[PDB]
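Peer 1: Here you go, model_3.csv (CSV, C-alpha atoms and all ligand atoms):
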```csv
chain,number,residue,atom,x,y,z
A,29,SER,CA,4.0,8.8,25.6
A,30,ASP,CA,2.3,6.0,23.7
A,31,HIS,CA,-1.1,7.0,25.2
A,32,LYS,CA,-0.8,10.6,24.0
A,33,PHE,CA,-0.2,9.7,20.3
A,34,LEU,CA,-2.7,6.8,20.2
A,35,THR,CA,-5.2,9.3,21.6
A,36,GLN,CA,-4.3,11.7,18.9
A,37,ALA,CA,-4.7,9.0,16.2
A,38,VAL,CA,-8.2,8.2,17.6
A,39,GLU,CA,-9.2,11.8,17.5
A,40,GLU,CA,-8.0,12.0,13.9
A,41,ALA,CA,-10.3,9.1,13.1
A,42,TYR,CA,-13.3,10.9,14.6
A,43,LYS,CA,-12.3,14.2,12.9
A,44,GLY,CA,-11.9,12.5,9.5
A,45,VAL,CA,-15.2,10.7,9.7
A,46,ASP,CA,-17.0,13.9,10.8
A,47,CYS,CA,-15.6,16.0,7.9
A,48,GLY,CA,-16.5,13.2,5.5
A,49,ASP,CA,-12.9,12.7,4.3
A,50,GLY,CA,-13.1,9.0,4.8
A,51,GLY,CA,-13.6,6.2,7.3
A,52,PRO,CA,-13.0,6.3,11.1
A,53,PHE,CA,-9.2,5.7,10.9
A,54,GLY,CA,-6.3,7.9,12.1
A,55,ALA,CA,-2.5,7.8,12.0
A,56,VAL,CA,0.2,9.8,13.7
A,57,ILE,CA,3.9,9.7,12.7
A,58,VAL,CA,6.2,10.9,15.4
A,59,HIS,CA,10.0,11.7,15.5
A,60,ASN,CA,11.4,11.5,19.0
A,61,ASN,CA,8.2,12.9,20.5
A,62,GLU,CA,7.9,15.5,17.7
A,63,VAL,CA,4.7,15.0,15.6
A,64,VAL,CA,5.8,14.8,12.0
A,65,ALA,CA,2.4,13.9,10.5
A,66,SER,CA,-1.2,13.7,11.8
A,67,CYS,CA,-3.7,12.3,9.3
A,68,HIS,CA,-6.9,10.3,8.8
A,69,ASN,CA,-8.4,8.2,6.0
A,70,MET,CA,-8.8,10.3,2.9
A,71,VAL,CA,-10.3,7.7,0.5
A,72,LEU,CA,-13.5,9.7,-0.1
A,73,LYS,CA,-11.8,13.2,-0.2
A,74,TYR,CA,-9.1,12.1,-2.6
A,75,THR,CA,-11.0,9.4,-4.6
A,76,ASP,CA,-8.1,7.2,-3.8
A,77,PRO,CA,-8.6,3.7,-2.3
A,78,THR,CA,-5.0,3.6,-1.1
A,79,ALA,CA,-5.4,6.8,1.0
A,80,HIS,CA,-5.8,5.0,4.2
A,81,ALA,CA,-4.7,6.9,7.3
A,82,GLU,CA,-1.4,5.1,7.6
A,83,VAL,CA,-0.5,5.6,4.0
A,84,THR,CA,-1.5,9.2,4.0
A,85,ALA,CA,0.6,9.8,7.2
A,86,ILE,CA,3.6,8.1,5.5
A,87,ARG,CA,3.3,10.2,2.4
A,88,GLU,CA,3.0,13.5,4.4
A,89,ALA,CA,5.8,12.6,6.8
A,90,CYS,CA,8.2,11.6,4.0
A,91,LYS,CA,7.4,14.8,2.1
A,92,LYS,CA,7.9,16.9,5.2
A,93,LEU,CA,11.2,15.3,6.2
A,94,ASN,CA,12.5,15.2,2.6
A,95,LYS,CA,13.4,11.5,2.7
A,96,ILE,CA,11.8,8.2,1.8
A,97,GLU,CA,12.8,6.3,5.0
A,98,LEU,CA,11.4,7.0,8.4
A,99,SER,CA,13.8,4.9,10.4
A,100,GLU,CA,13.9,7.2,13.4
A,101,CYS,CA,10.1,7.6,13.3
A,102,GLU,CA,7.2,5.7,14.9
A,103,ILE,CA,3.6,5.3,13.7
A,104,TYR,CA,0.5,5.2,15.9
A,105,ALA,CA,-2.6,3.7,14.1
A,106,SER,CA,-6.1,3.9,15.5
A,107,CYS,CA,-6.7,0.5,13.9
A,108,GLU,CA,-4.5,-2.6,13.2
A,109,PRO,CA,-3.0,-1.8,9.8
A,110,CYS,CA,-4.3,-3.8,6.8
A,111,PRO,CA,-2.1,-5.7,4.4
A,112,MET,CA,-1.5,-2.7,2.2
A,113,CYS,CA,-0.8,-0.4,5.1
A,114,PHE,CA,1.5,-2.9,6.8
A,115,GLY,CA,3.4,-3.3,3.6
A,116,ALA,CA,3.6,0.5,3.4
A,117,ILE,CA,4.9,0.7,7.0
A,118,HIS,CA,7.5,-1.9,6.1
A,119,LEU,CA,8.6,-0.1,3.0
A,120,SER,CA,8.8,3.2,4.9
A,121,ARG,CA,11.4,1.7,7.3
A,122,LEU,CA,9.4,3.0,10.3
A,123,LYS,CA,11.0,1.5,13.4
A,124,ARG,CA,8.0,1.1,15.6
A,125,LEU,CA,4.2,0.6,15.2
A,126,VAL,CA,1.7,1.1,18.0
A,127,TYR,CA,-1.9,0.3,17.1
A,128,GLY,CA,-5.1,0.7,19.0
A,129,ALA,CA,-7.9,-1.6,17.9
A,130,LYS,CA,-7.9,-5.2,16.6
A,131,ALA,CA,-9.0,-5.4,13.0
A,132,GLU,CA,-12.1,-7.4,14.2
A,133,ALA,CA,-13.6,-4.2,15.7
A,134,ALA,CA,-13.6,-2.6,12.3
A,135,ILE,CA,-14.8,-5.8,10.6
A,136,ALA,CA,-17.7,-6.0,13.1
A,137,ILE,CA,-19.3,-2.9,11.6
A,138,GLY,CA,-19.1,-4.2,8.0
A,139,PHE,CA,-15.6,-3.5,6.8
A,140,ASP,CA,-13.9,-6.1,4.6
A,141,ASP,CA,-12.2,-9.1,6.2
A,142,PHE,CA,-8.8,-7.9,5.2
A,143,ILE,CA,-6.0,-8.7,7.7
A,144,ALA,CA,-2.2,-8.5,7.4
A,145,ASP,CA,-0.6,-11.9,7.7
A,146,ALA,CA,2.8,-10.4,8.3
A,147,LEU,CA,1.5,-8.4,11.2
A,148,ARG,CA,0.0,-11.5,12.9
A,149,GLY,CA,3.0,-13.6,11.9
A,150,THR,CA,1.0,-16.0,9.8
A,151,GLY,CA,2.9,-15.8,6.5
A,152,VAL,CA,5.1,-18.1,4.5
A,153,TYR,CA,6.9,-15.6,2.3
A,154,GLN,CA,6.4,-12.2,4.2
A,155,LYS,CA,8.0,-12.0,7.6
A,156,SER,CA,8.1,-8.8,9.6
A,157,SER,CA,10.7,-7.8,12.2
A,158,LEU,CA,9.6,-4.2,13.2
A,159,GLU,CA,8.6,-3.6,16.8
A,160,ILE,CA,4.8,-3.9,17.1
A,161,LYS,CA,2.8,-3.0,20.1
A,162,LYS,CA,-0.9,-3.6,20.5
A,163,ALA,CA,-2.2,-1.1,23.0
A,164,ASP,CA,-4.2,-2.4,26.1
A,165,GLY,CA,-6.4,-0.9,28.8
A,166,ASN,CA,-7.6,2.6,28.5
A,167,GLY,CA,-6.5,3.6,25.0
A,168,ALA,CA,-7.3,0.2,23.6
A,169,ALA,CA,-10.9,0.4,24.9
A,170,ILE,CA,-11.4,3.9,23.4
A,171,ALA,CA,-9.8,2.9,20.0
A,172,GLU,CA,-12.1,-0.2,19.9
A,173,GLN,CA,-15.2,1.8,20.6
A,174,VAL,CA,-14.6,4.3,17.7
A,175,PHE,CA,-16.3,1.9,15.3
A,176,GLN,CA,-19.6,1.5,17.2
A,177,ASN,CA,-19.5,5.2,17.8
A,178,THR,CA,-19.2,6.2,14.1
A,179,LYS,CA,-21.3,3.5,12.4
A,180,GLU,CA,-24.0,5.8,11.1
A,181,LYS,CA,-21.8,8.8,10.2
A,182,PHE,CA,-20.3,7.4,7.0
A,183,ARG,CA,-20.8,5.1,4.0
A,184,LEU,CA,-18.8,1.9,3.9
A,185,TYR,CA,-16.2,1.6,1.2
B,29,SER,CA,-3.9,-8.4,-25.7
B,30,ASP,CA,-2.0,-9.4,-22.6
B,31,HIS,CA,1.4,-9.2,-24.2
B,32,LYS,CA,0.8,-5.7,-25.5
B,33,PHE,CA,0.0,-4.2,-22.1
B,34,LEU,CA,2.6,-6.2,-20.2
B,35,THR,CA,5.2,-4.8,-22.7
B,36,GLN,CA,3.8,-1.3,-22.1
B,37,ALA,CA,4.4,-1.8,-18.3
B,38,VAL,CA,7.9,-3.0,-19.0
B,39,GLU,CA,8.5,0.0,-21.2
B,40,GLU,CA,7.2,2.2,-18.4
B,41,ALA,CA,9.8,0.6,-16.1
B,42,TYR,CA,12.6,1.5,-18.6
B,43,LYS,CA,11.3,5.1,-18.9
B,44,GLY,CA,11.1,5.6,-15.2
B,45,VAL,CA,14.6,4.3,-14.7
B,46,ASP,CA,15.9,6.5,-17.6
B,47,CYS,CA,14.5,9.8,-16.3
B,48,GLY,CA,15.3,9.0,-12.6
B,49,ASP,CA,11.8,8.8,-11.3
B,50,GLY,CA,12.4,5.5,-9.5
B,51,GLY,CA,13.2,1.8,-9.9
B,52,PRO,CA,12.7,-0.4,-12.9
B,53,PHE,CA,9.0,-1.1,-12.4
B,54,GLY,CA,5.9,-0.3,-14.5
B,55,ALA,CA,2.2,-0.8,-14.3
B,56,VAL,CA,-0.7,-0.4,-16.9
B,57,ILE,CA,-4.4,-0.4,-16.0
B,58,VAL,CA,-6.8,-1.0,-18.8
B,59,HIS,CA,-10.6,-1.0,-19.2
B,60,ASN,CA,-11.4,-3.8,-21.7
B,61,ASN,CA,-8.8,-2.5,-24.2
B,62,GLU,CA,-8.4,1.2,-23.4
B,63,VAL,CA,-5.4,2.2,-21.2
B,64,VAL,CA,-6.8,4.1,-18.3
B,65,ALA,CA,-3.4,4.4,-16.5
B,66,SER,CA,0.2,4.0,-17.5
B,67,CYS,CA,2.8,4.5,-14.8
B,68,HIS,CA,6.2,3.5,-13.3
B,69,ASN,CA,7.8,3.7,-9.9
B,70,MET,CA,7.9,7.3,-8.6
B,71,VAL,CA,9.5,6.8,-5.2
B,72,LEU,CA,12.5,9.1,-5.9
B,73,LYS,CA,10.5,11.7,-7.9
B,74,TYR,CA,7.8,12.0,-5.2
B,75,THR,CA,9.9,11.2,-2.0
B,76,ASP,CA,7.1,8.7,-1.4
B,77,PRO,CA,8.0,5.0,-0.6
B,78,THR,CA,4.4,4.0,-1.3
B,79,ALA,CA,4.7,5.4,-4.9
B,80,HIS,CA,5.4,1.9,-6.4
B,81,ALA,CA,4.3,1.5,-10.0
B,82,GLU,CA,1.1,-0.4,-9.1
B,83,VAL,CA,0.0,2.0,-6.4
B,84,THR,CA,0.7,5.0,-8.8
B,85,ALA,CA,-1.3,3.4,-11.6
B,86,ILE,CA,-4.2,2.6,-9.2
B,87,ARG,CA,-4.3,6.2,-8.0
B,88,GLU,CA,-4.2,7.6,-11.5
B,89,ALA,CA,-6.8,5.2,-12.9
B,90,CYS,CA,-9.1,6.1,-10.0
B,91,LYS,CA,-8.7,9.8,-10.8
B,92,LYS,CA,-9.4,9.2,-14.5
B,93,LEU,CA,-12.6,7.3,-13.8
B,94,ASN,CA,-13.7,9.5,-10.8
B,95,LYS,CA,-14.3,6.5,-8.5
B,96,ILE,CA,-12.5,4.4,-5.9
B,97,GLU,CA,-13.3,1.0,-7.4
B,98,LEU,CA,-11.9,-0.4,-10.6
B,99,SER,CA,-14.0,-3.7,-10.8
B,100,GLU,CA,-14.3,-3.4,-14.6
B,101,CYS,CA,-10.5,-2.9,-15.1
B,102,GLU,CA,-7.4,-5.1,-15.2
B,103,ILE,CA,-3.8,-4.3,-14.1
B,104,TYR,CA,-0.5,-5.4,-15.8
B,105,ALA,CA,2.5,-5.2,-13.5
B,106,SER,CA,6.1,-5.6,-14.9
B,107,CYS,CA,6.9,-7.4,-11.6
B,108,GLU,CA,5.0,-9.6,-9.1
B,109,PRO,CA,3.2,-7.0,-6.9
B,110,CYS,CA,4.6,-6.6,-3.3
B,111,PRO,CA,2.4,-7.0,-0.2
B,112,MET,CA,1.6,-3.3,-0.2
B,113,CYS,CA,0.8,-3.3,-3.9
B,114,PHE,CA,-1.2,-6.6,-3.8
B,115,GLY,CA,-3.2,-5.1,-0.9
B,116,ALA,CA,-3.8,-2.0,-2.9
B,117,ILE,CA,-5.0,-4.1,-5.8
B,118,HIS,CA,-7.4,-5.9,-3.4
B,119,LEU,CA,-8.8,-2.6,-2.1
B,120,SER,CA,-9.2,-1.2,-5.6
B,121,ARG,CA,-11.2,-4.3,-6.6
B,122,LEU,CA,-9.4,-4.8,-9.9
B,123,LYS,CA,-10.8,-7.9,-11.5
B,124,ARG,CA,-7.6,-9.3,-13.0
B,125,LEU,CA,-3.8,-9.1,-12.5
B,126,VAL,CA,-1.2,-10.1,-15.1
B,127,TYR,CA,2.4,-9.8,-13.9
B,128,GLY,CA,5.6,-10.3,-15.8
B,129,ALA,CA,8.6,-11.4,-13.7
B,130,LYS,CA,8.7,-13.3,-10.4
B,131,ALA,CA,9.8,-11.3,-7.4
B,132,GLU,CA,13.0,-13.4,-7.3
B,133,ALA,CA,14.2,-11.6,-10.4
B,134,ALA,CA,14.1,-8.3,-8.6
B,135,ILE,CA,15.6,-9.8,-5.4
B,136,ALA,CA,18.5,-11.1,-7.6
B,137,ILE,CA,19.5,-7.5,-8.5
B,138,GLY,CA,19.4,-6.1,-5.0
B,139,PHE,CA,15.8,-5.4,-4.1
B,140,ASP,CA,14.4,-6.7,-0.7
B,141,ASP,CA,12.8,-10.1,-0.2
B,142,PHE,CA,9.2,-8.7,0.1
B,143,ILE,CA,6.7,-11.2,-1.3
B,144,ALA,CA,2.9,-11.3,-1.1
B,145,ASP,CA,1.7,-14.5,0.4
B,146,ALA,CA,-1.9,-13.8,-0.8
B,147,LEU,CA,-0.6,-13.6,-4.4
B,148,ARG,CA,1.2,-16.9,-4.2
B,149,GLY,CA,-1.7,-18.6,-2.4
B,150,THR,CA,0.0,-19.0,1.0
B,151,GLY,CA,-2.0,-16.4,2.9
B,152,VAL,CA,-4.0,-17.2,6.1
B,153,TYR,CA,-5.7,-13.9,7.0
B,154,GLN,CA,-5.6,-12.4,3.5
B,155,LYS,CA,-7.5,-14.2,0.8
B,156,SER,CA,-7.8,-12.6,-2.7
B,157,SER,CA,-10.6,-13.0,-5.2
B,158,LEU,CA,-9.0,-11.7,-8.4
B,159,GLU,CA,-7.8,-13.7,-11.4
B,160,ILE,CA,-4.0,-13.8,-11.4
B,161,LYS,CA,-1.8,-14.7,-14.4
B,162,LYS,CA,1.9,-15.1,-14.4
B,163,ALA,CA,3.2,-14.4,-17.9
B,164,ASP,CA,5.4,-17.0,-19.7
B,165,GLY,CA,7.5,-17.2,-22.8
B,166,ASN,CA,8.3,-13.8,-24.4
B,167,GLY,CA,6.5,-11.6,-21.8
B,168,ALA,CA,8.3,-13.4,-19.0
B,169,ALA,CA,11.6,-13.0,-20.9
B,170,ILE,CA,11.1,-9.3,-21.4
B,171,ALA,CA,10.0,-8.7,-17.8
B,172,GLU,CA,12.9,-10.6,-16.4
B,173,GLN,CA,15.4,-8.9,-18.8
B,174,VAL,CA,14.3,-5.6,-17.3
B,175,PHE,CA,16.5,-6.2,-14.2
B,176,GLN,CA,19.6,-7.3,-16.0
B,177,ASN,CA,19.3,-4.4,-18.4
B,178,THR,CA,19.0,-1.7,-15.8
B,179,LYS,CA,20.8,-3.3,-12.9
B,180,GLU,CA,23.1,-0.3,-12.1
B,181,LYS,CA,21.4,2.6,-13.8
B,182,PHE,CA,19.3,3.7,-10.9
B,183,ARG,CA,19.6,4.4,-7.1
B,184,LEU,CA,18.3,1.5,-5.0
B,185,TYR,CA,15.6,2.2,-2.4
A,201,LIG,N1,-7.6,4.2,6.9
A,201,LIG,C1,-8.0,2.8,7.1
A,201,LIG,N2,-7.2,2.3,8.0
A,201,LIG,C2,-7.3,1.0,8.4
A,201,LIG,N3,-8.2,0.2,7.8
A,201,LIG,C3,-9.1,0.7,6.9
A,201,LIG,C4,-9.0,1.9,6.5
A,201,LIG,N4,-9.9,2.2,5.6
A,201,LIG,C5,-10.6,1.1,5.4
A,201,LIG,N5,-10.1,0.1,6.2
A,201,LIG,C6,-10.6,-1.3,6.4
A,201,LIG,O1,-10.8,-1.6,7.7
A,201,LIG,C7,-10.7,-3.1,7.8
A,201,LIG,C8,-9.9,-3.4,9.1
A,201,LIG,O2,-8.6,-3.2,8.9
A,201,LIG,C9,-10.1,-3.6,6.5
A,201,LIG,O3,-11.2,-4.1,5.7
A,201,LIG,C10,-9.6,-2.3,5.8
A,201,LIG,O4,-9.6,-2.4,4.4
A,202,LIG,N1,7.4,0.0,-8.3
A,202,LIG,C1,7.8,-1.2,-7.7
A,202,LIG,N2,7.0,-2.2,-8.1
A,202,LIG,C2,7.2,-3.5,-7.7
A,202,LIG,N3,8.1,-3.8,-6.9
A,202,LIG,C3,9.0,-2.8,-6.4
A,202,LIG,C4,8.8,-1.6,-6.8
A,202,LIG,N4,9.7,-0.8,-6.2
A,202,LIG,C5,10.5,-1.6,-5.5
A,202,LIG,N5,10.0,-2.8,-5.6
A,202,LIG,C6,10.6,-4.0,-4.9
A,202,LIG,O1,10.9,-5.0,-5.7
A,202,LIG,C7,11.0,-6.3,-5.0
A,202,LIG,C8,10.3,-7.4,-5.8
A,202,LIG,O2,8.9,-7.3,-5.7
A,202,LIG,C9,10.4,-5.9,-3.6
A,202,LIG,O3,11.4,-5.8,-2.7
A,202,LIG,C10,9.7,-4.6,-3.8
A,202,LIG,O4,9.5,-3.8,-2.7
A,203,ZN,ZN,-4.8,0.1,5.4
A,204,ZN,ZN,4.8,-2.7,-4.5
```
For this file, produce the structure as structure tokens.

Peer 2:
Amino acid sequence: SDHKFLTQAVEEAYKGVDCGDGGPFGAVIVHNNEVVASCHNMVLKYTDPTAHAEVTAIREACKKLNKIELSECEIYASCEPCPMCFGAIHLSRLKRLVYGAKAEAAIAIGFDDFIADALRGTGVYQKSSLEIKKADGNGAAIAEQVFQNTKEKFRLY
Amino acid sequence: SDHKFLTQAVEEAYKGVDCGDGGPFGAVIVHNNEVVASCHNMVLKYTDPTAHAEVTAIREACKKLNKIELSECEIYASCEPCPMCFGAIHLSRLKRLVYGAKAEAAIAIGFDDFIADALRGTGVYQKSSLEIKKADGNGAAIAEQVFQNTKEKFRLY
């Protein structure tokens, strides 16, 4: 079931960049194989630098489920979450994170060098414990290729 | 001018607790010496765990200025910004952060141990550029007192 929802997140990334909402990033929040939220980056559409795909998905999932904790939910991100988005995932109490592409694939097309220490386990003060899965194989290749595929379709931010 | 805006952020923390919007946290974003945003934690009001005071102030300031970058603005936080909030401050490109109380003051009254390595200078993958000032003396006393004064007047989250 991981492949299906990572796929959906990647397609959200493509859709968001095509409609000009924001960058090529998508996020799907799922509750026991029920899609609670399906979102992409909305920084340009919302004039909001915090409206990454993961944060937008968290906001919509929490509003839909009428609670601020998503402890029985899981989040699929097309890209390895940034420090802000990983902090948001922590605060949301999401129990599992699956992500598609390494941050380096997004950095390679000119995005900021902005990587979450707590995700990679390189912090002194911030330590994470939530289950984290980096996809491999098919979905990982597709998720990594998103950035080369969308390079000329949007302005960097 | 720092003490005035830090005190306004602390005041926002008190207001947000009093009307039940969220926890005892405030944030004020100013452009030179004009307040562009004045906010407190809105997690309970919005059913949004990302609605910390700093994130809320960033979103409202970006709406007021009609742009996604705040490089000419500074932010005053009643409490040391969390990993999510410090990451949002990085993305928003605010040029200066002044914060009131160390995170340990909020941990002492029941909030999670959730500290930003990049703020304290122990980050490996996240390196910040912005000027950071920890208040001392009266501003620190006020910001720290926030937590003793409100310690059981709000619902923890
Ligand atoms: N919705 C988004 N989701 C993930 N990363 C994003 C997003 N928007 C911009 N980025 C940037 O992509 C890079 C790789 O994570 C970082 O510089 C980060 O700020
Ligand atoms: N609006 C807020 N602003 C800053 N810290 C907050 C806020 N709400 C909750 N906290 C928590 O306070 C603690 C100290 O930073 C952390 O656990 C953090 O998540
Ligand atoms: Zn992010
Ligand atoms: Zn925060």

Peer 1: Can you tell me which residues sit at most 7 Å away from ligand ZN 203 (chain A), counting only C-alpha atoms and all ligand atoms, written as a CSV table (one decimal) with C-alpha atoms, keeping the file's coordinate frame?

Peer 2:
```
chain,number,residue,atom,x,y,z
A,80,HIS,CA,-5.8,5.0,4.2
A,82,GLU,CA,-1.4,5.1,7.6
A,109,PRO,CA,-3.0,-1.8,9.8
A,110,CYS,CA,-4.3,-3.8,6.8
A,111,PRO,CA,-2.1,-5.7,4.4
A,112,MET,CA,-1.5,-2.7,2.2
A,113,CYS,CA,-0.8,-0.4,5.1
```

Peer 1: Return as a short mmCIF file (atom, residue, chain, number, x, y, z; two decimals) with C-alpha atoms, in the coordinates of the input the residues of protein, DNA or RNA that approach ligand LIG 202 (chain A) to within 8 Å, with all atoms listed in the file taken into account.

Peer 2:
```
data_model
loop_
_atom_site.label_atom_id
_atom_site.label_comp_id
_atom_site.auth_asym_id
_atom_site.auth_seq_id
_atom_site.Cartn_x
_atom_site.Cartn_y
_atom_site.Cartn_z
CA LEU A 119 8.60 -0.10 3.00
CA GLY B 50 12.40 5.50 -9.50
CA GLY B 51 13.20 1.80 -9.90
CA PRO B 52 12.70 -0.40 -12.90
CA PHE B 53 9.00 -1.10 -12.40
CA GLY B 54 5.90 -0.30 -14.50
CA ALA B 55 2.20 -0.80 -14.30
CA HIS B 68 6.20 3.50 -13.30
CA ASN B 69 7.80 3.70 -9.90
CA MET B 70 7.90 7.30 -8.60
CA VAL B 71 9.50 6.80 -5.20
CA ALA B 79 4.70 5.40 -4.90
CA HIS B 80 5.40 1.90 -6.40
CA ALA B 81 4.30 1.50 -10.00
CA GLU B 82 1.10 -0.40 -9.10
CA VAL B 83 0.00 2.00 -6.40
CA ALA B 105 2.50 -5.20 -13.50
CA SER B 106 6.10 -5.60 -14.90
CA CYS B 107 6.90 -7.40 -11.60
CA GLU B 108 5.00 -9.60 -9.10
CA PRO B 109 3.20 -7.00 -6.90
CA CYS B 110 4.60 -6.60 -3.30
CA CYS B 113 0.80 -3.30 -3.90
CA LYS B 130 8.70 -13.30 -10.40
CA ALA B 131 9.80 -11.30 -7.40
CA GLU B 132 13.00 -13.40 -7.30
CA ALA B 133 14.20 -11.60 -10.40
CA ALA B 134 14.10 -8.30 -8.60
CA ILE B 135 15.60 -9.80 -5.40
CA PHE B 139 15.80 -5.40 -4.10
CA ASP B 140 14.40 -6.70 -0.70
CA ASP B 141 12.80 -10.10 -0.20
CA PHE B 142 9.20 -8.70 0.10
CA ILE B 143 6.70 -11.20 -1.30
CA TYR B 185 15.60 2.20 -2.40
#
```

Peer 1: Would you write out, as a Markdown table, a table of all residues in chain B that have an atom no more than 10 Å from an atom of chain A, listing for each the closest atom pair and the distance in Å to one decimal, considering all atoms listed in the file and ordering rows by chain and rising residue number?

Peer 2:
```
| residue | atom | partner | partner_atom | distance |
| --- | --- | --- | --- | --- |
| B:71 | CA | A:96 | CA | 7.5 |
| B:72 | CA | A:96 | CA | 7.8 |
| B:74 | CA | A:91 | CA | 7.8 |
| B:75 | CA | A:96 | CA | 5.2 |
| B:76 | CA | A:87 | CA | 5.6 |
| B:77 | CA | A:96 | CA | 5.5 |
| B:78 | CA | A:116 | CA | 5.9 |
| B:79 | CA | A:87 | CA | 8.8 |
| B:83 | CA | A:78 | CA | 7.5 |
| B:84 | CA | A:78 | CA | 9.7 |
| B:86 | CA | A:76 | CA | 8.1 |
| B:87 | CA | A:76 | CA | 5.8 |
| B:88 | CA | A:76 | CA | 8.6 |
| B:89 | CA | A:76 | CA | 9.4 |
| B:90 | CA | A:76 | CA | 6.4 |
| B:91 | CA | A:75 | CA | 6.6 |
| B:93 | CA | A:75 | CA | 9.6 |
| B:94 | CA | A:75 | CA | 6.8 |
| B:95 | CA | A:75 | CA | 5.9 |
| B:96 | CA | A:77 | CA | 5.4 |
| B:97 | CA | A:77 | CA | 7.4 |
| B:98 | CA | A:77 | CA | 9.8 |
| B:110 | CA | A:115 | CA | 7.7 |
| B:111 | CA | A:115 | CA | 5.4 |
| B:112 | CA | A:112 | CA | 4.0 |
| B:113 | CA | A:112 | CA | 6.5 |
| B:114 | CA | A:112 | CA | 7.2 |
| B:115 | CA | A:112 | CA | 4.3 |
| B:116 | CA | A:112 | CA | 5.6 |
| B:117 | CA | A:112 | CA | 8.8 |
| B:118 | CA | A:112 | CA | 8.7 |
| B:119 | CA | A:77 | CA | 6.3 |
| B:120 | CA | A:77 | CA | 5.9 |
| B:121 | CA | A:77 | CA | 9.4 |
| B:140 | CA | A:119 | CA | 9.5 |
| B:141 | CA | A:154 | CA | 8.0 |
| B:142 | CA | A:154 | CA | 6.1 |
| B:143 | CA | A:154 | CA | 5.6 |
| B:144 | CA | A:154 | CA | 6.4 |
| B:145 | CA | A:153 | CA | 5.6 |
| B:146 | CA | A:145 | CA | 8.8 |
| B:148 | CA | A:153 | CA | 8.7 |
| B:149 | CA | A:152 | CA | 9.7 |
| B:150 | CA | A:152 | CA | 6.3 |
| B:151 | CA | A:151 | CA | 6.1 |
| B:152 | CA | A:150 | CA | 6.3 |
| B:153 | CA | A:143 | CA | 5.3 |
| B:154 | CA | A:143 | CA | 5.6 |
| B:155 | CA | A:142 | CA | 7.8 |
| B:156 | CA | A:142 | CA | 9.2 |
| B:185 | CA | A:96 | CA | 8.3 |
```

Peer 1: Can those selected residues be exported to a file as a JSON list (two decimals), keeping the file's coordinate frame so that it contains C-alpha atoms?

Peer 2:
```json
[["chain", "number", "residue", "atom", "x", "y", "z"],
["B", 71, "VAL", "CA", 9.50, 6.80, -5.20],
["B", 72, "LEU", "CA", 12.50, 9.10, -5.90],
["B", 74, "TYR", "CA", 7.80, 12.00, -5.20],
["B", 75, "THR", "CA", 9.90, 11.20, -2.00],
["B", 76, "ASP", "CA", 7.10, 8.70, -1.40],
["B", 77, "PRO", "CA", 8.00, 5.00, -0.60],
["B", 78, "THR", "CA", 4.40, 4.00, -1.30],
["B", 79, "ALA", "CA", 4.70, 5.40, -4.90],
["B", 83, "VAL", "CA", 0.00, 2.00, -6.40],
["B", 84, "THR", "CA", 0.70, 5.00, -8.80],
["B", 86, "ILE", "CA", -4.20, 2.60, -9.20],
["B", 87, "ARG", "CA", -4.30, 6.20, -8.00],
["B", 88, "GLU", "CA", -4.20, 7.60, -11.50],
["B", 89, "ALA", "CA", -6.80, 5.20, -12.90],
["B", 90, "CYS", "CA", -9.10, 6.10, -10.00],
["B", 91, "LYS", "CA", -8.70, 9.80, -10.80],
["B", 93, "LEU", "CA", -12.60, 7.30, -13.80],
["B", 94, "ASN", "CA", -13.70, 9.50, -10.80],
["B", 95, "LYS", "CA", -14.30, 6.50, -8.50],
["B", 96, "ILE", "CA", -12.50, 4.40, -5.90],
["B", 97, "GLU", "CA", -13.30, 1.00, -7.40],
["B", 98, "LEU", "CA", -11.90, -0.40, -10.60],
["B", 110, "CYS", "CA", 4.60, -6.60, -3.30],
["B", 111, "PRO", "CA", 2.40, -7.00, -0.20],
["B", 112, "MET", "CA", 1.60, -3.30, -0.20],
["B", 113, "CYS", "CA", 0.80, -3.30, -3.90],
["B", 114, "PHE", "CA", -1.20, -6.60, -3.80],
["B", 115, "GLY", "CA", -3.20, -5.10, -0.90],
["B", 116, "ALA", "CA", -3.80, -2.00, -2.90],
["B", 117, "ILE", "CA", -5.00, -4.10, -5.80],
["B", 118, "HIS", "CA", -7.40, -5.90, -3.40],
["B", 119, "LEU", "CA", -8.80, -2.60, -2.10],
["B", 120, "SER", "CA", -9.20, -1.20, -5.60],
["B", 121, "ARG", "CA", -11.20, -4.30, -6.60],
["B", 140, "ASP", "CA", 14.40, -6.70, -0.70],
["B", 141, "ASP", "CA", 12.80, -10.10, -0.20],
["B", 142, "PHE", "CA", 9.20, -8.70, 0.10],
["B", 143, "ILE", "CA", 6.70, -11.20, -1.30],
["B", 144, "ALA", "CA", 2.90, -11.30, -1.10],
["B", 145, "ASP", "CA", 1.70, -14.50, 0.40],
["B", 146, "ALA", "CA", -1.90, -13.80, -0.80],
["B", 148, "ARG", "CA", 1.20, -16.90, -4.20],
["B", 149, "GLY", "CA", -1.70, -18.60, -2.40],
["B", 150, "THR", "CA", 0.00, -19.00, 1.00],
["B", 151, "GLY", "CA", -2.00, -16.40, 2.90],
["B", 152, "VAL", "CA", -4.00, -17.20, 6.10],
["B", 153, "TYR", "CA", -5.70, -13.90, 7.00],
["B", 154, "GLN", "CA", -5.60, -12.40, 3.50],
["B", 155, "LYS", "CA", -7.50, -14.20, 0.80],
["B", 156, "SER", "CA", -7.80, -12.60, -2.70],
["B", 185, "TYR", "CA", 15.60, 2.20, -2.40]]
```

Peer 1: Given all atoms listed in the file as the basis, pick out the residue of A:33, A:99, A:61, A:129 nearest to ligand LIG 201 (chain A).

Peer 2: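 Looking only at the distances to ligand LIG 201 (chain A), the closest residue turns out to be A:129.
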